[PDB]
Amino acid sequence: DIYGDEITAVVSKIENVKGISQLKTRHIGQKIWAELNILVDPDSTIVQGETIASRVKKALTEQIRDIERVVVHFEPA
């Protein structure tokens, strides 16, 4: 959904992501350290999941300002 936090907004537009099971953010003033767990099709390969995780990472780091750190883990839908 695009009406929640900025990260979830970025991720709602990535077709192959079906959900975020867990979003953890740390804030020291404007600076953001993030850790996410996305849900992808459970019959995806592990390399397919990685690819999507990299896609999400890339999207987040260019679309969102003051990202110090972002890790994306993937998990079955």
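The first residue of the sequence shown is number 1, and the count goes up from there.
Undergrad: From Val56, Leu23, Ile67, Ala9, pick the one with the largest CA B-factor in the entry?
TA: Checking the PDB record, the top C-alpha B-factor among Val56, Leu23, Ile67, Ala9 is at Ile67.
Undergrad: Thinking about Cα B factors across the chain, which third does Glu35 belong to?
TA: For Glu35, the deposited C-alpha B-factor lands in the lowest third.
Undergrad: Lowest, middle or highest third of the chain for the C-alpha temperature factor of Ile52?
TA: For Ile52, the deposited C-alpha B-factor lands in the lowest third.
Undergrad: Tell me, lowest, middle or highest third: where does the Cα B factor of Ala77 rank within its chain?
TA: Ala77: CA B-factor falls in the highest third of its chain.
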